[PDB]
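These are the residues of each chain, in order.
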Amino acid sequence: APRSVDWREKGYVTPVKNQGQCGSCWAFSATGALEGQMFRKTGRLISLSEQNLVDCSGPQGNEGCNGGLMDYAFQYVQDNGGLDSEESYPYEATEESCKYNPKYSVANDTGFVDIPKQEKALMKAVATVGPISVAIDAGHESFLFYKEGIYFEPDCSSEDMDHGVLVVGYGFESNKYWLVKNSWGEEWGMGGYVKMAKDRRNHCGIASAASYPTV
């Protein structure tokens, strides 16, 4: 696989978003993966509605602002038969009744693939599929106060991930890292991005729960 990869270069990624005071990170991770897979297929980048996921994916197992899984979001898009655009179904940072309107659906998927729990497999996936949804252990002050450089939390766990994010690529400095897009606005870390330690024994478990949708 390449030494470096960055799907932002090819137009697979939308600007950094902000979930606010709502545990909907799983929705932003899912939309990010979907926006990337829809782009690969149609060549068109459309921001997808996280709110649509927050209000309607309860049957798949999600819990609005209290938590969820990226795979449940993909399953929803599949069972629902569509997903509305970010512009048609604006983010409200709070759970409301489902208002999905198929007239504004702009994305879809026929399932999803869960990558094997190895950084080596995550690397191949990132290089051949595009942006990948992953869960990270962000359970530390350090992640939260992150500003720049390669993030490495001596106390990270590769078992208790609690934050869903997006891997847009990977590379090395002149030392390896995963290029990660967060959903905490661009005033956090590097304009909303973070370079997670790569090939350091699955640091914070980036490759423990990685997956993407098949559109």
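Conventions we followed
Numbering of residues starts from 1 on every chain and follows the order in which that chain's sequence is written, so it may differ from the entry's own numbering; residues lacking coordinates are left out. Note: side-chain values were computed over all heavy atoms of the structure, leaving out hydrogens and water. UniProt positions are given in the numbering used here, feature names are shortened, and annotations may be inferred rather than shown by experiment. Strands here mean DSSP runs of E at least two residues long; helices mean DSSP runs of H or I at least four residues long; both are numbered from the N terminus. Throughout, a residue-residue contact means that at least one pair of heavy atoms, one from each residue, lies within 4.5 Å. Any pair of nitrogen or oxygen atoms within 3.5 Å is treated as a polar contact; in protein, a donor-acceptor pairing is required on top of that, and neighbouring residues in sequence qualify only through side-chain atoms on both sides. Here's how the labels work: a residue is buried when its accessible area is under 20% of the maximum for its type, exposed when over 50%, partly exposed in between, all with a 1.4 Å probe on protein chains only.

Looking at the method and resolution fields of the entry, one finds X-ray crystallography and 2.5 Å.

You'll find the chain entered in the PDB entry as Cathepsin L1, with Homo sapiens given as the organism. Here the entry title, as the record gives it, is "A combined crystallographic and molecular dynamics study of cathepsin-L retro-binding inhibitors(compound 4)".

A. Just the UniProt feature "binding site: Zn(2+) 5" in the chain, in detail. Per the UniProt record, the feature "binding site: Zn(2+) 5" sits at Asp 137 and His 140. Along the chain, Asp 137 turns up in the loop between β5 (132-136) and α5 (141-145). Setting aside residues no more than four positions away along its own chain, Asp 137 makes contact with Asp 155, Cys 156, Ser 157, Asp 160, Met 161, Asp 162 and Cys 204. Here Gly 139 takes part through its backbone nitrogen, which lies 3.0 Å from a polar atom of the side chain of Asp 137. With respect to the helices and strands, the residue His 140 is situated in the loop between β5 and α5. Taking relative accessible area as the criterion, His 140 reaches 16% and is therefore assigned buried. Here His 140 is in contact with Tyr 151, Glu 153, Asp 155 and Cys 156, once residues within four sequence places are set aside.

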